[PDB]
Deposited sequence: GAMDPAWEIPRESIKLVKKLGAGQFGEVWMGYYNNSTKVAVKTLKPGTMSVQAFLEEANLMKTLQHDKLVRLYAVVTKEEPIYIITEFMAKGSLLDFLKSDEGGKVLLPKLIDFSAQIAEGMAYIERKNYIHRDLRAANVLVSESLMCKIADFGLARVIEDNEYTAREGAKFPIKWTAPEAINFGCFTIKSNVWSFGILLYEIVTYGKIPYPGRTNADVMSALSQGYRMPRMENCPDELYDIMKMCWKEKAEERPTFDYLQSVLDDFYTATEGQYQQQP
């Protein structure tokens, strides 16, 4: 439709990350606009399911969600062209020297921005399924935007993140907006700790056992009670008893 553009009009300058699925490049749309280019390495999938991500983005357009600009799907290397996010993924950023020197003020803001984009997705009636700091991107103005809608659904190459996935989603395959709320609470842990792996020292297997036994991550050092209460809320066993992303955005804006 109005998303196909001729290869010509895209210049790939510098590589930003290799996957076992493709590359991400910083580039230019006809010299004027800085863009990111998601490369598909052929044979890996699914020159379609690679595009499922882009197809989903055509519908999901909010300011705190990475914006699609265009696609190139006619020659053998397929591209997804999006808004370029200068500071990379939220995970990477929080771990960098610069990220290590941002105080809670901005961390809570990061957190609340993500809660905002998620409040759009709930409203829109979608689920992300793969919500975590590595799937949040940061621009120059320190804006957080949600990316990677590979697993996003309206109700395969895939691999949902065990340590981020709600217990009823693991055990009964039950993915809902409320399961995303669980994932968000884990993303709060990620933010607070400056990009530490959840459940340090535990394998996916362990975690999960331990979840079936009512285990929660104990309150972490350098995390205020009120914040941990928000985390604890997102982890309520009963999915129905977890907050909405609107309540999260409200409660998060109220730290001052």
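Peer 1: May I ask you to mark the stretches of the deposited sequence that the structure leaves without C-alpha coordinates?
Peer 2: Counting from residue 1, the stretches without coordinates are 1 to 4, 160 to 167, 269 to 279.
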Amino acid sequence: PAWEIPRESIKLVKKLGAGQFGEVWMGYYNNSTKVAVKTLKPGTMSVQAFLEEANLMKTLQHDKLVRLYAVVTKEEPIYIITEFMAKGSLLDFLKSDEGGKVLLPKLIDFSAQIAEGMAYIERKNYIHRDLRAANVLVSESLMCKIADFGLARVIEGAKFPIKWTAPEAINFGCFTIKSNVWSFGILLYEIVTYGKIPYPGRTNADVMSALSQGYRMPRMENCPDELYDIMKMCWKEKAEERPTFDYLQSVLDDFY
From here on, numbers count along this sequence of modelled residues.
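Peer 1: For the C-alpha atoms alone, is the average B factor greater in 184 to 192 or in 51 to 59, going by the entry?
Peer 2: Between 184 to 192 and 51 to 59, it is 51 to 59 that shows the higher mean C-alpha B-factor.
Peer 1: 170 to 178 versus 104 to 112: which one carries the higher mean Cα B factor per the record?
Peer 2: Here the higher of the two C-alpha B-factor means belongs to 104 to 112.
Peer 1: In this PDB entry, which of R129, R132, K159, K87 has the top CA B-factor?
Peer 2: Reading the PDB entry, the winner on C-alpha B-factor is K159.
Peer 1: Highest Cα temperature factor in the entry, among the options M143, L151, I78, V136: which one is it?
Peer 2: Checking the PDB record, the top C-alpha B-factor among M143, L151, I78, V136 is at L151.
Peer 1: Test of reading the entry: by CA B factor among the chain's modelled residues, which third contains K236?
Peer 2: Tercile = lowest for this residue's CA B-factor.
Peer 1: Ranking the modelled residues of this chain by C-alpha B-factor as given in the entry, is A36 in the lowest, middle or highest third?
Peer 2: Bottom third by C-alpha B-factor.
Peer 1: Pull the Cα B-factor of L68 out of the PDB entry and bin it into the chain's lowest, middle or highest third.
Peer 2: According to the entry, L68 has a C-alpha B-factor in the chain's middle third.
Peer 1: Can you work out whether the C-alpha temperature factor of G201 puts it in the lowest, middle or highest third of the chain?
Peer 2: Ranked within chain, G201 CA B lands in the lowest tercile.
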